[PDB]
$ cat upload29.pdb   # PDB, C-alpha atoms and all ligand atoms
ATOM      1  CA  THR A   2      91.579  69.033 116.328
ATOM      2  CA  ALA A   3      91.985  65.485 114.961
ATOM      3  CA  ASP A   4      88.770  66.169 113.025
ATOM      4  CA  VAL A   5      90.446  69.179 111.387
ATOM      5  CA  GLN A   6      93.541  67.064 110.569
ATOM      6  CA  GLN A   7      91.400  64.431 108.920
ATOM      7  CA  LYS A   8      89.456  67.016 106.915
ATOM      8  CA  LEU A   9      92.699  68.645 105.689
ATOM      9  CA  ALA A  10      94.106  65.214 104.764
ATOM     10  CA  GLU A  11      90.918  64.417 102.801
ATOM     11  CA  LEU A  12      91.073  67.806 101.009
ATOM     12  CA  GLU A  13      94.717  67.190 100.134
ATOM     13  CA  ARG A  14      93.951  63.726  98.714
ATOM     14  CA  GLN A  15      91.022  64.955  96.676
ATOM     15  CA  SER A  16      93.174  67.782  95.346
ATOM     16  CA  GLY A  17      95.969  65.458  94.183
ATOM     17  CA  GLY A  18      98.676  67.819  95.454
ATOM     18  CA  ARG A  19     100.574  68.781  98.577
ATOM     19  CA  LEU A  20      98.939  71.112 101.068
ATOM     20  CA  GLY A  21     100.595  73.152 103.824
ATOM     21  CA  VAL A  22      98.631  75.018 106.482
ATOM     22  CA  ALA A  23      99.516  77.026 109.534
ATOM     23  CA  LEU A  24      96.867  78.899 111.533
ATOM     24  CA  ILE A  25      97.772  80.999 114.558
ATOM     25  CA  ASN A  26      94.802  82.015 116.681
ATOM     26  CA  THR A  27      95.760  84.994 118.828
ATOM     27  CA  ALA A  28      92.619  84.450 120.981
ATOM     28  CA  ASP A  29      94.240  81.569 122.836
ATOM     29  CA  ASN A  30      97.727  81.215 121.279
ATOM     30  CA  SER A  31      96.690  77.966 119.628
ATOM     31  CA  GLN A  32      97.776  76.656 116.241
ATOM     32  CA  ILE A  33      96.504  74.331 113.555
ATOM     33  CA  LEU A  34      99.354  72.816 111.565
ATOM     34  CA  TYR A  35      99.411  70.575 108.494
ATOM     35  CA  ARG A  36     102.789  69.884 106.824
ATOM     36  CA  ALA A  37     103.728  73.080 108.582
ATOM     37  CA  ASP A  38     107.443  72.259 108.685
ATOM     38  CA  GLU A  39     107.717  71.206 105.020
ATOM     39  CA  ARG A  40     109.099  73.611 102.451
ATOM     40  CA  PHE A  41     106.962  75.142  99.728
ATOM     41  CA  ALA A  42     107.816  77.620  96.960
ATOM     42  CA  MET A  43     106.527  80.967  98.249
ATOM     43  CA  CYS A  44     106.032  82.456  94.807
ATOM     44  CA  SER A  45     104.348  85.891  94.968
ATOM     45  CA  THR A  46     103.668  85.564  98.727
ATOM     46  CA  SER A  47     107.350  86.524  99.096
ATOM     47  CA  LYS A  48     106.327  90.068  98.077
ATOM     48  CA  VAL A  49     105.278  90.687 101.706
ATOM     49  CA  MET A  50     108.879  90.192 102.928
ATOM     50  CA  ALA A  51     110.291  92.412 100.185
ATOM     51  CA  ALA A  52     107.809  95.237 101.007
ATOM     52  CA  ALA A  53     108.492  94.737 104.739
ATOM     53  CA  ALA A  54     112.236  95.072 104.114
ATOM     54  CA  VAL A  55     111.663  98.431 102.405
ATOM     55  CA  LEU A  56     109.404  99.528 105.292
ATOM     56  CA  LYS A  57     112.128  98.538 107.768
ATOM     57  CA  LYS A  58     114.727 100.508 105.772
ATOM     58  CA  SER A  59     112.389 103.527 105.846
ATOM     59  CA  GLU A  60     112.539 103.597 109.658
ATOM     60  CA  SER A  61     116.026 105.119 109.430
ATOM     61  CA  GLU A  62     115.349 106.985 106.142
ATOM     62  CA  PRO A  63     112.123 108.828 106.719
ATOM     63  CA  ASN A  64     111.774 110.052 103.070
ATOM     64  CA  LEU A  65     112.519 106.654 101.502
ATOM     65  CA  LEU A  66     108.967 105.804 100.418
ATOM     66  CA  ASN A  67     108.831 109.033  98.350
ATOM     67  CA  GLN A  68     112.021 108.109  96.425
ATOM     68  CA  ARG A  69     111.426 107.919  92.648
ATOM     69  CA  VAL A  70     112.310 104.834  90.632
ATOM     70  CA  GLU A  71     112.497 104.827  86.821
ATOM     71  CA  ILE A  72     110.375 102.272  84.972
ATOM     72  CA  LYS A  73     111.714 101.359  81.509
ATOM     73  CA  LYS A  74     110.918  98.770  78.884
ATOM     74  CA  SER A  75     113.999  96.862  80.065
ATOM     75  CA  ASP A  76     112.283  96.433  83.468
ATOM     76  CA  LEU A  77     109.230  94.651  82.135
ATOM     77  CA  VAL A  78     108.923  90.966  82.926
ATOM     78  CA  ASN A  79     106.055  88.422  82.612
ATOM     79  CA  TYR A  80     103.421  90.092  84.739
ATOM     80  CA  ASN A  81     103.347  93.875  84.824
ATOM     81  CA  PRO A  82      99.732  94.946  85.480
ATOM     82  CA  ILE A  83     100.734  98.265  87.057
ATOM     83  CA  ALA A  84     104.277  98.821  85.795
ATOM     84  CA  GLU A  85     103.249  98.608  82.110
ATOM     85  CA  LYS A  86     101.190 101.798  82.726
ATOM     86  CA  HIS A  87     104.288 103.680  83.985
ATOM     87  CA  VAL A  88     106.931 102.880  81.404
ATOM     88  CA  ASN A  89     109.168 105.907  80.728
ATOM     89  CA  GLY A  90     108.067 107.544  83.968
ATOM     90  CA  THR A  91     108.894 106.989  87.631
ATOM     91  CA  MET A  92     107.036 105.393  90.511
ATOM     92  CA  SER A  93     107.734 106.022  94.181
ATOM     93  CA  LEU A  94     108.838 103.184  96.423
ATOM     94  CA  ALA A  95     105.407 103.504  98.167
ATOM     95  CA  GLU A  96     103.665 103.064  94.806
ATOM     96  CA  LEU A  97     105.885 100.102  93.978
ATOM     97  CA  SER A  98     105.142  98.513  97.347
ATOM     98  CA  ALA A  99     101.402  98.963  96.797
ATOM     99  CA  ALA A 100     101.633  97.572  93.247
ATOM    100  CA  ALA A 101     103.573  94.494  94.443
ATOM    101  CA  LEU A 102     101.225  93.827  97.370
ATOM    102  CA  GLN A 103      97.824  94.756  95.905
ATOM    103  CA  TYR A 104      98.240  93.771  92.222
ATOM    104  CA  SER A 105     101.108  91.258  92.545
ATOM    105  CA  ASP A 106     103.125  93.255  90.029
ATOM    106  CA  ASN A 107     106.452  91.521  89.261
ATOM    107  CA  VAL A 108     108.336  94.617  88.126
ATOM    108  CA  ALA A 109     107.384  96.271  91.404
ATOM    109  CA  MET A 110     108.746  93.280  93.290
ATOM    110  CA  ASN A 111     112.028  93.464  91.327
ATOM    111  CA  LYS A 112     112.391  97.157  92.227
ATOM    112  CA  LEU A 113     111.796  96.428  95.932
ATOM    113  CA  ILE A 114     114.365  93.567  95.810
ATOM    114  CA  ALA A 115     116.930  95.713  94.026
ATOM    115  CA  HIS A 116     116.473  98.631  96.322
ATOM    116  CA  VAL A 117     117.235  96.713  99.517
ATOM    117  CA  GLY A 118     120.243  94.925  97.986
ATOM    118  CA  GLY A 119     118.869  91.801  96.336
ATOM    119  CA  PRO A 120     117.415  88.469  97.376
ATOM    120  CA  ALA A 121     120.200  87.787  99.896
ATOM    121  CA  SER A 122     119.386  91.108 101.598
ATOM    122  CA  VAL A 123     115.687  90.263 101.875
ATOM    123  CA  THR A 124     116.767  86.908 103.356
ATOM    124  CA  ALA A 125     119.145  88.630 105.836
ATOM    125  CA  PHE A 126     116.220  90.808 106.928
ATOM    126  CA  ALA A 127     114.199  87.657 107.582
ATOM    127  CA  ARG A 128     117.052  86.355 109.748
ATOM    128  CA  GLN A 129     117.189  89.647 111.693
ATOM    129  CA  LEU A 130     113.468  89.098 112.568
ATOM    130  CA  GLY A 131     114.213  85.588 113.836
ATOM    131  CA  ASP A 132     112.998  83.700 110.767
ATOM    132  CA  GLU A 133     115.685  81.166 109.979
ATOM    133  CA  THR A 134     113.569  79.216 107.423
ATOM    134  CA  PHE A 135     112.679  81.844 104.790
ATOM    135  CA  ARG A 136     114.937  82.020 101.744
ATOM    136  CA  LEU A 137     114.601  84.271  98.763
ATOM    137  CA  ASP A 138     117.145  83.100  96.194
ATOM    138  CA  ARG A 139     116.046  84.678  92.885
ATOM    139  CA  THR A 140     114.356  87.676  91.298
ATOM    140  CA  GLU A 141     111.174  87.787  89.163
ATOM    141  CA  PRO A 142     110.133  85.859  87.210
ATOM    142  CA  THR A 143     112.390  82.876  87.950
ATOM    143  CA  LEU A 144     111.692  82.707  91.716
ATOM    144  CA  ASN A 145     108.281  81.069  90.860
ATOM    145  CA  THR A 146     109.507  77.898  89.069
ATOM    146  CA  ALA A 147     108.418  75.820  92.126
ATOM    147  CA  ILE A 148     110.188  72.642  91.016
ATOM    148  CA  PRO A 149     109.503  69.746  93.418
ATOM    149  CA  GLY A 150     112.525  69.088  95.661
ATOM    150  CA  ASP A 151     114.068  72.525  94.898
ATOM    151  CA  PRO A 152     114.646  74.531  98.095
ATOM    152  CA  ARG A 153     115.155  77.838  96.266
ATOM    153  CA  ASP A 154     112.638  80.570  97.194
ATOM    154  CA  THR A 155     110.897  78.415  99.807
ATOM    155  CA  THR A 156     109.732  78.625 103.368
ATOM    156  CA  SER A 157     107.521  76.539 105.691
ATOM    157  CA  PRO A 158     103.952  77.371 106.626
ATOM    158  CA  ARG A 159     104.916  77.556 110.316
ATOM    159  CA  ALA A 160     107.730  80.016 109.640
ATOM    160  CA  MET A 161     105.705  82.228 107.369
ATOM    161  CA  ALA A 162     102.737  82.333 109.766
ATOM    162  CA  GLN A 163     104.994  83.306 112.658
ATOM    163  CA  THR A 164     106.735  85.931 110.540
ATOM    164  CA  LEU A 165     103.507  87.356 109.145
ATOM    165  CA  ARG A 166     102.155  87.555 112.705
ATOM    166  CA  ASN A 167     105.263  89.490 113.766
ATOM    167  CA  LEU A 168     105.030  91.886 110.785
ATOM    168  CA  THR A 169     101.255  92.643 110.907
ATOM    169  CA  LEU A 170     100.306  92.194 114.597
ATOM    170  CA  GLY A 171     103.649  92.220 116.432
ATOM    171  CA  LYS A 172     106.551  94.665 116.688
ATOM    172  CA  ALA A 173     108.862  93.776 113.770
ATOM    173  CA  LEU A 174     108.080  97.205 112.263
ATOM    174  CA  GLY A 175     107.553 100.633 113.745
ATOM    175  CA  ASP A 176     103.939 101.599 114.394
ATOM    176  CA  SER A 177     103.637 103.728 111.207
ATOM    177  CA  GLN A 178     105.299 101.062 109.077
ATOM    178  CA  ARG A 179     103.196  98.225 110.508
ATOM    179  CA  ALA A 180     100.061 100.269 109.883
ATOM    180  CA  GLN A 181     101.154 100.853 106.291
ATOM    181  CA  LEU A 182     101.772  97.150 105.687
ATOM    182  CA  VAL A 183      98.340  96.281 107.096
ATOM    183  CA  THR A 184      96.669  99.042 105.054
ATOM    184  CA  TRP A 185      98.330  97.743 101.867
ATOM    185  CA  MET A 186      97.375  94.105 102.535
ATOM    186  CA  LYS A 187      93.728  95.004 103.400
ATOM    187  CA  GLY A 188      93.569  96.754 100.021
ATOM    188  CA  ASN A 189      94.727  93.679  98.094
ATOM    189  CA  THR A 190      92.762  93.094  94.870
ATOM    190  CA  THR A 191      93.968  89.541  94.048
ATOM    191  CA  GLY A 192      92.769  87.450  97.020
ATOM    192  CA  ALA A 193      88.961  87.206  96.806
ATOM    193  CA  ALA A 194      89.002  83.596  95.447
ATOM    194  CA  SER A 195      91.560  82.314  97.946
ATOM    195  CA  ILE A 196      91.501  82.416 101.798
ATOM    196  CA  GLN A 197      88.763  85.107 101.693
ATOM    197  CA  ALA A 198      86.501  82.709  99.740
ATOM    198  CA  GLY A 199      86.519  80.239 102.705
ATOM    199  CA  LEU A 200      85.588  82.858 105.362
ATOM    200  CA  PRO A 201      82.336  84.625 106.217
ATOM    201  CA  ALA A 202      81.673  87.754 104.162
ATOM    202  CA  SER A 203      81.773  89.990 107.262
ATOM    203  CA  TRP A 204      85.364  89.114 108.210
ATOM    204  CA  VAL A 205      88.142  91.530 107.356
ATOM    205  CA  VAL A 206      91.183  90.150 105.543
ATOM    206  CA  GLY A 207      94.600  91.415 104.510
ATOM    207  CA  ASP A 208      96.277  88.826 102.315
ATOM    208  CA  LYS A 209      98.939  88.184  99.717
ATOM    209  CA  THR A 210      98.477  85.542  97.026
ATOM    210  CA  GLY A 211     100.878  83.728  94.745
ATOM    211  CA  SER A 212     100.677  81.532  91.635
ATOM    212  CA  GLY A 213     103.632  79.621  90.259
ATOM    213  CA  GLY A 214     104.914  76.628  88.405
ATOM    214  CA  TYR A 215     103.592  73.161  89.184
ATOM    215  CA  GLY A 216     100.154  74.709  89.803
ATOM    216  CA  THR A 217     101.484  76.307  92.964
ATOM    217  CA  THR A 218      98.697  78.280  94.533
ATOM    218  CA  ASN A 219      99.376  80.191  97.756
ATOM    219  CA  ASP A 220      97.859  82.764 100.108
ATOM    220  CA  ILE A 221      98.965  84.264 103.395
ATOM    221  CA  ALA A 222      96.571  86.359 105.511
ATOM    222  CA  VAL A 223      95.909  88.341 108.606
ATOM    223  CA  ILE A 224      92.217  87.977 109.480
ATOM    224  CA  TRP A 225      89.946  89.960 111.771
ATOM    225  CA  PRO A 226      86.859  87.851 112.385
ATOM    226  CA  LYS A 227      83.705  89.542 113.605
ATOM    227  CA  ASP A 228      84.183  90.302 117.353
ATOM    228  CA  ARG A 229      87.194  87.990 117.749
ATOM    229  CA  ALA A 230      90.925  88.260 118.196
ATOM    230  CA  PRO A 231      92.828  88.164 114.897
ATOM    231  CA  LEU A 232      94.124  85.100 113.121
ATOM    232  CA  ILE A 233      97.135  84.485 110.949
ATOM    233  CA  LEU A 234      96.689  81.856 108.196
ATOM    234  CA  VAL A 235      99.111  80.447 105.671
ATOM    235  CA  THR A 236      97.773  78.106 102.988
ATOM    236  CA  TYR A 237     100.338  76.785 100.528
ATOM    237  CA  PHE A 238      99.531  74.285  97.780
ATOM    238  CA  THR A 239     101.527  72.696  95.003
ATOM    239  CA  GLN A 240     100.930  69.956  92.462
ATOM    240  CA  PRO A 241     102.815  67.152  90.723
ATOM    241  CA  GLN A 242     102.472  68.302  87.086
ATOM    242  CA  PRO A 243     104.545  71.164  85.652
ATOM    243  CA  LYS A 244     101.550  72.647  83.827
ATOM    244  CA  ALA A 245      98.953  71.995  86.555
ATOM    245  CA  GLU A 246      96.200  74.632  86.727
ATOM    246  CA  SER A 247      95.697  77.021  89.657
ATOM    247  CA  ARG A 248      93.582  75.720  92.537
ATOM    248  CA  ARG A 249      92.504  78.713  94.622
ATOM    249  CA  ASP A 250      89.433  76.701  95.622
ATOM    250  CA  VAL A 251      91.718  74.396  97.638
ATOM    251  CA  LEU A 252      92.965  77.368  99.668
ATOM    252  CA  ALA A 253      89.368  78.500 100.250
ATOM    253  CA  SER A 254      88.426  75.012 101.426
ATOM    254  CA  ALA A 255      91.425  74.824 103.760
ATOM    255  CA  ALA A 256      90.517  78.229 105.249
ATOM    256  CA  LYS A 257      86.955  77.069 105.830
ATOM    257  CA  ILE A 258      88.078  73.836 107.472
ATOM    258  CA  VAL A 259      90.436  75.516 109.957
ATOM    259  CA  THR A 260      88.063  78.355 110.937
ATOM    260  CA  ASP A 261      84.847  76.334 111.153
ATOM    261  CA  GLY A 262      83.283  76.623 114.591
ATOM    262  CA  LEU A 263      85.411  79.609 115.657
TER     263      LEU A 263
HETATM  264  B1  LIG B 301     103.198  85.383  91.692
HETATM  265  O1  LIG B 301     103.694  84.089  92.191
HETATM  266  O2  LIG B 301     101.789  85.347  91.689
HETATM  267  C1  LIG B 301     101.046  86.248  90.949
HETATM  268  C2  LIG B 301      99.566  85.999  90.996
HETATM  269  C3  LIG B 301      98.998  85.983  92.414
HETATM  270  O3  LIG B 301      99.368  86.837  93.231
HETATM  271  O4  LIG B 301      98.122  85.116  92.694
HETATM  272  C4  LIG B 301     101.564  86.503  89.571
HETATM  273  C5  LIG B 301     103.067  86.803  89.567
HETATM  274  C6  LIG B 301     103.762  85.692  90.223
HETATM  275  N1  LIG B 301     103.850  84.524  89.429
HETATM  276  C7  LIG B 301     104.482  84.428  88.255
HETATM  277  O5  LIG B 301     105.218  85.281  87.804
HETATM  278  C8  LIG B 301     104.187  83.152  87.450
HETATM  279  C9  LIG B 301     105.456  82.415  87.080
HETATM  280  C10 LIG B 301     106.781  82.812  86.702
HETATM  281  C11 LIG B 301     107.616  81.640  86.436
HETATM  282  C12 LIG B 301     106.906  80.444  86.608
HETATM  283  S1  LIG B 301     105.336  80.739  87.052
HETATM  284 CL    CL B 302      78.836  84.723 105.024
END
$ encode --input "upload29.pdb" --output "structure tokens" --more "lines below"
Ligand SMILES: *[B@@]1([O])O[C]([C]C([O])=O)[C][C][C]1[N]C(=O)[C]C1=[C][C]=[C]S1
Ligand SMILES: [Cl-]
Amino acid sequence: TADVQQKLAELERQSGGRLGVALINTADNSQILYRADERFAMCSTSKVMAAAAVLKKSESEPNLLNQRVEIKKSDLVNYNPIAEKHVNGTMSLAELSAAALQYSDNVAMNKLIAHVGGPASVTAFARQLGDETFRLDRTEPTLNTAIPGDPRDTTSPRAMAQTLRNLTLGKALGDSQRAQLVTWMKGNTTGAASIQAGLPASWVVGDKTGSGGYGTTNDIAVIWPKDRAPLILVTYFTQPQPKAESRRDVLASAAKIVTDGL
């Protein structure tokens, strides 16, 4: 408890940056919190809320996920690993959700944002869930600038852990939609060096990463440990220098520290 706090503080100092952690353990309703009420730039971890907003919308529009969306050269941004393969064709909203969540595709994220009515609509959805901390201000790519002191496109680790718990394990979404979100997150391709890297190989993880300005390196996860109740873990990290390098190792270390001895 105090041991874990000290270990997180030592990791943070060694890292040179600012670390935010929230773990919810659904075994006993306990938490581990470190700067859990401070704001951090979400960066690509915000893609979970945008996909969830589309899933919510689909509850009253049962054919929504099949809807076709044109991909054009004008849609391309800075990071288009899936979308660049589909220029001059269409992708379904399901495909765009999967591309955003599993490959962190920024065009896909922009199409999800646009569909549901823009960043203020994704934010209003967060409010409807009871999350009064989340704010999505901008589209891709600018939502990742992560300037220190800038509250745009931020949330707290506590808020995001509670919200992710509600989305993946609770009743924010209908059963089909929740299952789809969990399926997409379990199939993520981008997370193996982050939270997953600090957990035993046998544990099952659905996570969403993000990388941004000021070396901002983030991951949010739902975790099914071997023969245990699930966990929700948010690890946010950001650094003082604009061109700081990614530090996914810091997220792995934080994950190890807060799950040790479970
Ligand atoms: B996102 O924050 O994270 C992605 C990688 C990941 O999931 O680990 C890549 C796309 C996103 N980040 C960016 O677009 C990078 C920046 C844009 C403006 C400043 S940094
Ligand atoms: Cl192992």
$ resolve_selection --input "upload29.pdb" --expression "the PyMOL selection byres (((chain A and resi 84) around 12) and not hetatm)" --output "ChimeraX atom specification"
/A:70-83,85-93,96-101,104-112
$ write_last_selection --input "upload29.pdb" --atoms "C-alpha atoms" --output "mmCIF file, keeping the file's coordinate frame"
data_model
loop_
_atom_site.group_PDB
_atom_site.id
_atom_site.type_symbol
_atom_site.label_atom_id
_atom_site.label_comp_id
_atom_site.auth_asym_id
_atom_site.auth_seq_id
_atom_site.Cartn_x
_atom_site.Cartn_y
_atom_site.Cartn_z
ATOM 1 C CA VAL A 70 112.310 104.834 90.632
ATOM 2 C CA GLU A 71 112.497 104.827 86.821
ATOM 3 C CA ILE A 72 110.375 102.272 84.972
ATOM 4 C CA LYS A 73 111.714 101.359 81.509
ATOM 5 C CA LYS A 74 110.918 98.770 78.884
ATOM 6 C CA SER A 75 113.999 96.862 80.065
ATOM 7 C CA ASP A 76 112.283 96.433 83.468
ATOM 8 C CA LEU A 77 109.230 94.651 82.135
ATOM 9 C CA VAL A 78 108.923 90.966 82.926
ATOM 10 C CA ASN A 79 106.055 88.422 82.612
ATOM 11 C CA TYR A 80 103.421 90.092 84.739
ATOM 12 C CA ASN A 81 103.347 93.875 84.824
ATOM 13 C CA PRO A 82 99.732 94.946 85.480
ATOM 14 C CA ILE A 83 100.734 98.265 87.057
ATOM 15 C CA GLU A 85 103.249 98.608 82.110
ATOM 16 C CA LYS A 86 101.190 101.798 82.726
ATOM 17 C CA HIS A 87 104.288 103.680 83.985
ATOM 18 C CA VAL A 88 106.931 102.880 81.404
ATOM 19 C CA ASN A 89 109.168 105.907 80.728
ATOM 20 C CA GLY A 90 108.067 107.544 83.968
ATOM 21 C CA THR A 91 108.894 106.989 87.631
ATOM 22 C CA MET A 92 107.036 105.393 90.511
ATOM 23 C CA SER A 93 107.734 106.022 94.181
ATOM 24 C CA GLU A 96 103.665 103.064 94.806
ATOM 25 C CA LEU A 97 105.885 100.102 93.978
ATOM 26 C CA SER A 98 105.142 98.513 97.347
ATOM 27 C CA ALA A 99 101.402 98.963 96.797
ATOM 28 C CA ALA A 100 101.633 97.572 93.247
ATOM 29 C CA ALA A 101 103.573 94.494 94.443
ATOM 30 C CA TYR A 104 98.240 93.771 92.222
ATOM 31 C CA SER A 105 101.108 91.258 92.545
ATOM 32 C CA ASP A 106 103.125 93.255 90.029
ATOM 33 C CA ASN A 107 106.452 91.521 89.261
ATOM 34 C CA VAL A 108 108.336 94.617 88.126
ATOM 35 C CA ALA A 109 107.384 96.271 91.404
ATOM 36 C CA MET A 110 108.746 93.280 93.290
ATOM 37 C CA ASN A 111 112.028 93.464 91.327
ATOM 38 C CA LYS A 112 112.391 97.157 92.227
#
$ closest_residue --input "upload29.pdb" --among "A:164, A:245, A:257, A:200" --to "ligand CL 302 (chain B)" --atoms "all atoms listed in the file"
A:200
$ closest_atom_pairs --input "upload29.pdb" --of "chain A" --to "ligand LIG 301 (chain B)" --cutoff "7 Å" --atoms "all atoms listed in the file" --output "tab-separated table"
residue	atom	partner	partner_atom	distance
A:44	CA	B:LIG301	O1	3.9
A:45	CA	B:LIG301	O1	3.4
A:46	CA	B:LIG301	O1	6.7
A:79	CA	B:LIG301	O5	6.1
A:80	CA	B:LIG301	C5	5.9
A:105	CA	B:LIG301	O3	4.8
A:106	CA	B:LIG301	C5	6.5
A:107	CA	B:LIG301	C5	5.8
A:141	CA	B:LIG301	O5	6.6
A:142	CA	B:LIG301	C10	4.6
A:143	CA	B:LIG301	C11	5.2
A:144	CA	B:LIG301	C11	6.8
A:145	CA	B:LIG301	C11	4.5
A:146	CA	B:LIG301	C12	4.4
A:191	CA	B:LIG301	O3	6.1
A:209	CA	B:LIG301	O3	6.6
A:210	CA	B:LIG301	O3	4.1
A:211	CA	B:LIG301	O2	3.6
A:212	CA	B:LIG301	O2	4.0
A:213	CA	B:LIG301	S1	3.8
A:214	CA	B:LIG301	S1	4.3
$ residues_near_ligand --input "upload29.pdb" --ligand "ligand CL 302 (chain B)" --cutoff "9 Å" --atoms "all atoms listed in the file" --output "number ranges by chain"
A: 200-204
$ resolve_selection --input "upload29.pdb" --expression "the PyMOL selection byres (((chain A and resi 199) around 12) and not hetatm)" --output "PDB file with C-alpha atoms, keeping the file's coordinate frame"
ATOM      1  CA  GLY A 192      92.769  87.450  97.020  1.00  0.00           C
ATOM      2  CA  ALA A 193      88.961  87.206  96.806  1.00  0.00           C
ATOM      3  CA  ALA A 194      89.002  83.596  95.447  1.00  0.00           C
ATOM      4  CA  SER A 195      91.560  82.314  97.946  1.00  0.00           C
ATOM      5  CA  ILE A 196      91.501  82.416 101.798  1.00  0.00           C
ATOM      6  CA  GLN A 197      88.763  85.107 101.693  1.00  0.00           C
ATOM      7  CA  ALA A 198      86.501  82.709  99.740  1.00  0.00           C
ATOM      8  CA  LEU A 200      85.588  82.858 105.362  1.00  0.00           C
ATOM      9  CA  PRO A 201      82.336  84.625 106.217  1.00  0.00           C
ATOM     10  CA  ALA A 202      81.673  87.754 104.162  1.00  0.00           C
ATOM     11  CA  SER A 203      81.773  89.990 107.262  1.00  0.00           C
ATOM     12  CA  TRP A 204      85.364  89.114 108.210  1.00  0.00           C
ATOM     13  CA  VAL A 206      91.183  90.150 105.543  1.00  0.00           C
ATOM     14  CA  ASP A 220      97.859  82.764 100.108  1.00  0.00           C
ATOM     15  CA  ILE A 224      92.217  87.977 109.480  1.00  0.00           C
ATOM     16  CA  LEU A 234      96.689  81.856 108.196  1.00  0.00           C
ATOM     17  CA  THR A 236      97.773  78.106 102.988  1.00  0.00           C
ATOM     18  CA  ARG A 249      92.504  78.713  94.622  1.00  0.00           C
ATOM     19  CA  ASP A 250      89.433  76.701  95.622  1.00  0.00           C
ATOM     20  CA  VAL A 251      91.718  74.396  97.638  1.00  0.00           C
ATOM     21  CA  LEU A 252      92.965  77.368  99.668  1.00  0.00           C
ATOM     22  CA  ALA A 253      89.368  78.500 100.250  1.00  0.00           C
ATOM     23  CA  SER A 254      88.426  75.012 101.426  1.00  0.00           C
ATOM     24  CA  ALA A 255      91.425  74.824 103.760  1.00  0.00           C
ATOM     25  CA  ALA A 256      90.517  78.229 105.249  1.00  0.00           C
ATOM     26  CA  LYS A 257      86.955  77.069 105.830  1.00  0.00           C
ATOM     27  CA  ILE A 258      88.078  73.836 107.472  1.00  0.00           C
ATOM     28  CA  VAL A 259      90.436  75.516 109.957  1.00  0.00           C
ATOM     29  CA  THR A 260      88.063  78.355 110.937  1.00  0.00           C
ATOM     30  CA  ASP A 261      84.847  76.334 111.153  1.00  0.00           C
TER      31      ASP A 261
END
$ closest_residue --input "upload29.pdb" --among "A:37, A:24, A:10, A:173" --to "residue 156 in chain A" --atoms "all atoms listed in the file"
A:37
$ closest_residue --input "upload29.pdb" --among "A:9, A:165, A:50, A:66" --to "residue 232 in chain A" --atoms "all atoms listed in the file"
A:165
$ resolve_selection --input "upload29.pdb" --expression "the PyMOL selection byres (((chain A and resi 167-170) around 12) and not hetatm)" --output "NGL selection string"
:A and (25-27 or 49-54 or 56-57 or 126-127 or 130-132 or 160-166 or 171-187 or 206-208 or 221-225 or 230-233)
$ closest_residue --input "upload29.pdb" --among "A:140, A:157, A:59, A:15" --to "residue 36 in chain A" --atoms "all atoms listed in the file"
A:157
$ closest_residue --input "upload29.pdb" --among "A:55, A:43, A:33, A:94" --to "residue 123 in chain A" --atoms "all atoms listed in the file"
A:55
$ build_atoms --input "upload29.pdb" --residues "range 67-75 of chain A" --atoms "N, CA, C and O atoms" --output "short mmCIF file (atom, residue, chain, number, x, y, z; two decimals), in the frame of the given file"
data_model
loop_
_atom_site.label_atom_id
_atom_site.label_comp_id
_atom_site.auth_asym_id
_atom_site.auth_seq_id
_atom_site.Cartn_x
_atom_site.Cartn_y
_atom_site.Cartn_z
N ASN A 67 109.05 108.04 99.39
CA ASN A 67 108.83 109.03 98.35
C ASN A 67 109.87 108.97 97.23
O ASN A 67 109.72 109.64 96.22
N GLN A 68 110.92 108.17 97.41
CA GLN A 68 112.02 108.11 96.42
C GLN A 68 111.48 107.60 95.08
O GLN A 68 110.69 106.65 95.05
N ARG A 69 111.92 108.24 93.99
CA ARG A 69 111.43 107.92 92.65
C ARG A 69 112.29 106.84 92.01
O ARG A 69 113.53 106.88 92.10
N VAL A 70 111.64 105.92 91.31
CA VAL A 70 112.31 104.83 90.63
C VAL A 70 111.86 104.80 89.17
O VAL A 70 110.68 104.77 88.89
N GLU A 71 112.82 104.86 88.25
CA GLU A 71 112.50 104.83 86.82
C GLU A 71 111.97 103.46 86.41
O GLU A 71 112.50 102.42 86.83
N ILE A 72 110.91 103.48 85.61
CA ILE A 72 110.38 102.27 84.97
C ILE A 72 110.63 102.36 83.47
O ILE A 72 110.23 103.34 82.83
N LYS A 73 111.35 101.38 82.93
CA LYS A 73 111.71 101.36 81.51
C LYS A 73 111.27 100.07 80.88
O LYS A 73 110.95 99.11 81.58
N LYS A 74 111.30 100.01 79.57
CA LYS A 74 110.92 98.77 78.88
C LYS A 74 111.79 97.61 79.34
O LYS A 74 111.31 96.49 79.48
N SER A 75 113.06 97.89 79.61
CA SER A 75 114.00 96.86 80.06
C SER A 75 113.62 96.26 81.41
O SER A 75 114.15 95.25 81.77
#
